[PDB]
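Okay, here we've got a single chain as structure tokens, the form deposited in one PDB entry, with questions on binding and movement later.
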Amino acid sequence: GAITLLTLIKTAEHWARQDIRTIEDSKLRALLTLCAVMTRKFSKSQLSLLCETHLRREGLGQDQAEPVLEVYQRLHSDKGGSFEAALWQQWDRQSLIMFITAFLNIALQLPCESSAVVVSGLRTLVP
């Protein structure tokens, strides 16, 4: 079995708009894994942008700024799932849910092209 770029994005798109408040631990655990796989597909610069966006998210607890920063950095270079496993053990369900839902939404909204002339050409291709 192999997970592709397309299925990763379609899976994120699906779960980004779901209300995950009450889903089982098993699916929440998998959702964390999804976020971790995604962090490692982004570059340092791409990841920094996502992180900055997350940290600027309205209504988030400012106490969690440093913990969230650390999660971005440590998931990105996570080897055999060690940090991810520790994050699962140590964070409460509420904090995990908040991080996951923000991550998935922010990742998908990541600006990829901002040149006006290129954007205009690409908009003609959007289904």
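Start at 1 with the first residue shown and count on from there. Rigid core: the largest C-alpha set superposing within 1.5 Å between the two forms.
We do not show the form deposited in another entry, though everything after this point is about it.
Colleague: Fix the rigid core, compare C-alpha positions between this form and the one not shown, and report which of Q89, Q62, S82, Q94 shifts by 2 Å or more.
Modeller: It is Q62; the other listed residues stay below 2 Å.
Colleague: 2 Å or more on the CA of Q18 between this form and the one not shown, with the rigid core superposed, yes or no?
Modeller: Result for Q18: no, shift under 2 Å.
Colleague: Relative to what's shown here, the Cα pair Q94 and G61 differs by 3 Å or more in that other deposited form. Does it come closer or drift farther?
Modeller: Compared with this form, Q94 and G61 lie farther apart in that other deposited form.
Colleague: Which way does the C-alpha gap of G61 and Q89 go in that other deposited form, closer or farther, given it changes by 3 angstroms or more?
Modeller: Farther is correct, given that in that other deposited form the C-alpha spacing of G61 to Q89 is increased by at least 3 Å.
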